[PDB]
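Visitor: One structure, pasted below without further comment.
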Amino acid sequence: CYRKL
Amino acid sequence: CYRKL
Amino acid sequence: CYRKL
Amino acid sequence: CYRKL
Amino acid sequence: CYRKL
Amino acid sequence: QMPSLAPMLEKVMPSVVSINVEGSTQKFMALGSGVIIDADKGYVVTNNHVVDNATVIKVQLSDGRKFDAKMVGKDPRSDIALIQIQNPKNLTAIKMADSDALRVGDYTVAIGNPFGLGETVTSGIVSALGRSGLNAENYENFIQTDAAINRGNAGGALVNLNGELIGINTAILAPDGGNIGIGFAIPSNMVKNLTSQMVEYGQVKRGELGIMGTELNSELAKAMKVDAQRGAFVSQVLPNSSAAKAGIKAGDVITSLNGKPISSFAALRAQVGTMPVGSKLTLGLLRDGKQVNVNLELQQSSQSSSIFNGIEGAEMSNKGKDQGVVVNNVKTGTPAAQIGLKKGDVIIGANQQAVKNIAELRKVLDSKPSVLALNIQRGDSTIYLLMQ
Amino acid sequence: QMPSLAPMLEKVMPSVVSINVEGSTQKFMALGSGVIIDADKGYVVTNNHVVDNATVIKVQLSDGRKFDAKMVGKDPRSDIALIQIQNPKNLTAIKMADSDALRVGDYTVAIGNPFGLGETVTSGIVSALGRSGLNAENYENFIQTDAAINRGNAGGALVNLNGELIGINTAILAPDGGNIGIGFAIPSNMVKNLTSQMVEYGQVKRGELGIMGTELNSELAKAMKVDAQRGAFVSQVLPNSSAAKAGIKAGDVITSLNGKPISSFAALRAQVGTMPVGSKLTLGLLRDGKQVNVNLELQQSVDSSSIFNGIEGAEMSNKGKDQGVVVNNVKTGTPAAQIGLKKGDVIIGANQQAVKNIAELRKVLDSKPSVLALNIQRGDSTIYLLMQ
Amino acid sequence: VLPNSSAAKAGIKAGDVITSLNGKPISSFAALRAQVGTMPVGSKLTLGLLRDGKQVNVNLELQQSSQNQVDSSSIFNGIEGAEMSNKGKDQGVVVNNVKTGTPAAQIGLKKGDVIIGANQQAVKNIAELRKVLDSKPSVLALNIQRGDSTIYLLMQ
C-alpha cells in the first residue's frame, strides 16, 4: 500500500 | 450415520 | 438445491 | 444470459 | 484391535 | 400378460406380522415387525432391540387378527429375538432359503410395517454381502439392499422372488432417519442357526475356536508376502484349542469357510459365532503361499437381563456344583448396580427358598412375589438385598 | 427359476474401484469411486471434483487390492478427470456403450461406494435425458435416474443390464444429504470424447463454432412461426468462425446433431464442449420451415485469473511482437484493481527480469517468489506494482 | 514519481531505496512520511539513495499540492471528510477527495465540485472562503458549480 508523502 | 429400526 | 456426491 | 458457442 | 473366536 | 410379484406375495404376506409392545424402564411404547417361523408352535423371529425391556407383547396378523406372545430367546450380540404366540390358531409359515448361495445382483423384496401403517411391501436388489462396521462388538454379517426400509421394518422379512426368506431386516444407514436406499438384514443361515438354539435352550450356546486375528488389507498382505489381499489373519492360537488340536499355527491366512470364500474377518466372526457348538466345518488357509485345508469342530467357551427380563448390567452364571448363582461382572450405572449387587456376589437363596442354580432361582421370579429378598454372600459374609 | 442381475455384475464389478484421496488447502481427505477404462494402461476415469488439490491418491479395487495412482487429466467444466494406476497388474476394463441411443424407460444399474462402506450396487431406470441447470456454467447433459446414489458414489459407473458403460454418476438432488431417488450421470459418449483428449494431450482442446444462442421455448416458436418448440436459436454468427464459414445465419433453429435429436441448448452446449477441435459433425437447421444440413469443423479459441489463481478482474494479453504484457480492460473493484491495475498498462518486467509475453511472465510465476515487483508502464510513466 | 514533481525534477526514479535524510538514517517509510509532513514548504534537504548498489545524494525542495491539499476540517471547525484545493488562478476551490460516511459527504459533496462563491461574496481561494467562515454566518449558501451547471449547497 503506497501513500503520498 | 448408522441407525437402527 | 443441487448437491454433489 | 448470453452464452457462447 | 484383536478379537476372539 | 404382465410380470408381477403379486402371485408370490399373496402366499407369503400372511407369514409377515406386525408387533405392538408396551413396556417401561418411565413408560414408553414402540413397534416393529416379525416373521412366522413355525406356523404350528407360533414361533416369530424379530430383532432383540425390538423386544428389549418388554412387558406385554401383542402381534397383529396381515388379516387383522390379534394374539398374545411371550418371550422365548434374545441375543443382543446378533440382534435376533424369538417369540412364541399364545394360542396359535390358523397361521402360515414362511419358507427359508440358503443365504450362503446369495449373490449381489439378485432381486429382493422387503416386507415389514414401516410407521405402523401395516404390512408394507418394497422391492430392491442385493446391494452387497458381508457389510459390517456399524457396531464393532456385534456379530454382524449384514446384507445390504436398496429396498426401502424404515423404522418398523425391523424384524421384517427380506425375501427372494419365490417367496423364500433370505434375511431379517434389521437396520439402515440414514443421516436423516429416513431411508436413503441402504438397509441391512441378517441372513437366514445365521437366523436359522440362532433360532434352533433358542428353541431348545431359550439361549444360544456360544462356542469358540480359540484364535485371535484381525482384518487382512493389501498393506499387511504385502508385509507377510501373502498373495491374498483380504481374509482372516491368524494372530495366535490358544492352548488346548480346537485350532491347536487341528494344527493351525500363527502366520496363517484364512481364505474360505467350507469352500465358500471369506468376505472379511468381521463376517467370519459372525458366521461361526452363531453356529451351534460342535459344528463340523472346513477352512481354507494360506501359510507361506501354500494352500492348506483343515477340518474342525467347535468347542465350548464357558462364557442378569435374560432372567429378570428387565434388570440388565450384570453377567451371572452358576457356581461350582450346586453352589448358587455367582455374578461375574457388573457395569456401572445399570439397573443391576442400582440395587447394590457387585461383582463377585454369590446369590445363594431368596425369600426362604434356597437357590442352587439359575433354574432354582427363576422358580421365584415366576412366582412373582410383591417383594424379593436376595440372600447373597460377599466373601464369607452373609448379607441381603431387597427389591420392589 | 428367478431372474437376477448377478451374472452381469460378476464380470463387470471388478471394473469399478473406490478412491481414497488426501490433499491440503486446511488439509482434507476425500473418498469416491472410479471406473477402469483401459485395463492394460491403467487409465481410470473419475469425477474431477473428487481429485482437485489432492497430494496423495490411493485406489482400492473391488477385490481389496491397493495401488497408488497419478493424475493424467482434469476438466472442471464437465467434471471428468483421468488417473493412471501405477503398476497395472490384472485389471478389468469396462466396455462403453453408445449413450446417444439411450431412451427414457431403460433399466439402469448404479455402482459406487456410499460412505466408504464398499462397492454398493443399486437399481433404477432412466428418468430423463438432457438434464442441466444444477451448475449453468458446467457442460451438463445429465441422465436422470432413480438408482440410489449417495455420498461416495461419485465417479462410479452407470451401466445397462449388459454391463456396458452408459454414464458416470456425478451428482444427486438431496436437500438433506441423503438420496431421494434423483441421480445425475454424464453420458458415456461425452466421457468417451473427454477421456480421449486427456490421453494424447493431457488437457482439453476447447473448440468453438462461433455463435450465440439461448433456449427455444413454446412462446418464441409462435413469434418466429417455427414449428418445433425446443432447440437452439441462433442469435448471431461470429465473423470468420467455422459456423459462419459453413453457411449458418441468424434466425435458424438447430434440431439435430449427427442425426440424433437435441434435447436443449444447454444440453447441446454440453455436447460440443467435449468434442476435440476440428470434429466434422452434421447439424439439423430450420429456417423458414425448411431443413438445412451442414458439416462443420471447430476452430481454436483471456483473464488475469487464468495466469494468477486468485486475482481476477483485469483483461490482459501480449503487446505487438515481444513488447510486454499489455492490459486490455480492468473493472474498478476487482482483486487486480485492489492492487492498482488500470486499463492500458504495459507490463515490461518483474523482479529484475524482462517480460516480453505471457510465456516469459509464466516462467517466473513458477519460480513462486515471496514478493513480486511488476515493472509496468502507464503512458510515459514507469511505475511498479507489488504482490503477496 | 508523479509528473512535474520535485523528485522527478531532482532526478529520482522509481524502484529506488531511500536510506537517509540530511545524514540521519531513515527508520522506515512511515517515519520519513512524518518527518517531511511537518517540514515547511520549500524546506531544502538532502536525501540518500540506493539504486543498483550505488549511493546517490540529492538536493530537494518541498512543493505545494494541487491534489488533496487542504482537508475540510481546518476551515469549518467541525466538518471533516473533504480534501480540497484551489483551481487555476482564483478560479475557486475544487474538491479533490470526499470520504464515504463523513460529515462532508453527509451534505452532498462529491468530487469535481468548483466553488465560485458563498453568501453573496465571490470565493476565489481558501482565504476568501475562510474570510466568510470567520464571520461565522448562521447559514451558508455555497454558489458552487458541478460540471457546467451552477448549483447551491446549504449549511446549518
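Identifiers in this document derive from the order of the C-alpha cells: chains are assigned A, B, ..., residues are numbered from 1 separately in each chain, and ligands are numbered from 1 in order of occurrence.
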Listing only residues of chain F within 12 Å of chain B, what is the closest atom pair and its distance in Å (to one decimal) for each, using only C-alpha atoms, sorted by chain and residue number ascending, as a Markdown table?
Guide:
| residue | atom | partner | partner_atom | distance |
| --- | --- | --- | --- | --- |
| F:30 | CA | B:5 | CA | 10.6 |
| F:31 | CA | B:5 | CA | 9.6 |
| F:32 | CA | B:5 | CA | 7.8 |
| F:33 | CA | B:5 | CA | 9.8 |
| F:46 | CA | B:5 | CA | 11.1 |
| F:47 | CA | B:5 | CA | 9.0 |
| F:48 | CA | B:5 | CA | 11.0 |
| F:49 | CA | B:5 | CA | 8.5 |
| F:50 | CA | B:5 | CA | 8.3 |
| F:79 | CA | B:4 | CA | 10.3 |
| F:112 | CA | B:5 | CA | 10.9 |
| F:113 | CA | B:5 | CA | 10.8 |
| F:114 | CA | B:5 | CA | 9.3 |
| F:115 | CA | B:5 | CA | 10.4 |
| F:132 | CA | B:2 | CA | 10.8 |
| F:133 | CA | B:2 | CA | 9.2 |
| F:134 | CA | B:2 | CA | 6.0 |
| F:135 | CA | B:2 | CA | 8.8 |
| F:149 | CA | B:5 | CA | 8.5 |
| F:150 | CA | B:5 | CA | 6.4 |
| F:151 | CA | B:5 | CA | 4.3 |
| F:152 | CA | B:5 | CA | 6.0 |
| F:153 | CA | B:5 | CA | 6.6 |
| F:154 | CA | B:5 | CA | 5.1 |
| F:155 | CA | B:5 | CA | 8.7 |
| F:156 | CA | B:5 | CA | 10.1 |
| F:168 | CA | B:5 | CA | 11.5 |
| F:169 | CA | B:5 | CA | 8.6 |
| F:170 | CA | B:5 | CA | 6.3 |
| F:171 | CA | B:4 | CA | 4.4 |
| F:172 | CA | B:3 | CA | 5.6 |
| F:173 | CA | B:2 | CA | 4.6 |
| F:174 | CA | B:1 | CA | 5.8 |
| F:175 | CA | B:1 | CA | 4.9 |
| F:176 | CA | B:1 | CA | 8.3 |
| F:177 | CA | B:3 | CA | 7.5 |
| F:178 | CA | B:3 | CA | 9.8 |
| F:179 | CA | B:3 | CA | 10.2 |
| F:180 | CA | B:1 | CA | 11.3 |
| F:182 | CA | B:2 | CA | 10.1 |
| F:183 | CA | B:5 | CA | 9.7 |
| F:184 | CA | B:4 | CA | 9.4 |
| F:185 | CA | B:5 | CA | 10.8 |
Visitor: Could you tell me, as number ranges by chain, which residues of range 166-228 of chain G DSSP assigns to helix (DSSP H, G or I) when given the backbone?
Guide: G: 188-200, 218-223
